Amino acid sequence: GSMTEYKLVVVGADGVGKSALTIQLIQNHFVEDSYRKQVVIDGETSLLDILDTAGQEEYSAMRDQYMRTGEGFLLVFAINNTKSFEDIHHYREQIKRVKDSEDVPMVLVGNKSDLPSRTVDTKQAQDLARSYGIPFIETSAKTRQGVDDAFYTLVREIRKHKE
């Protein structure tokens, strides 16, 4: 049939590595605001429309309303930023509110797993993801650990929601 598209939106606090994860997925290196990539996930060829959290100076009401209708959401925090983790519930609540749905495909992502200065324990994030009924992926945009896994798990979650 037609090539299936997946609208993914990457949200999270500032500096947690959203753009870094997205650029690692698209261009496979570390160091614009919207990208599209053909991927093969579980055999199916899909078109990923990745919407990164752009800067304020790029604000447009059209893009805001368009991201309000995203199919999947990556909730990114950094393991060295306690406030980025403690504010994750705000992101979940407001995304569910703007989507007007109880079942919204989401994946919790703990980036910067390569760092030694951890302040958020893996067990805490696992407990939060379990209480939400969503997967939790530890990623590192620097070492590319778990990047493809996070985005592919989000695509899978969208596939289960669609059926």
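Numbering starts at 1 and follows the sequence shown.
Per the record, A61 and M62 are directly connected, with no deposited-sequence residue omitted between them. Comparing 127-135 with 32-40, the stretch with the higher mean C-alpha B-factor in the PDB entry is 32-40. The residue among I95, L115, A54, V109 whose C-alpha atom has the highest B-factor in the PDB entry is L115. Split the chain's modelled residues into thirds by C-alpha temperature factor. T143 is in the highest one. Per the deposited record, the Cα B-factor of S19 falls in the lowest third when ranked against the other modelled residues of its chain.
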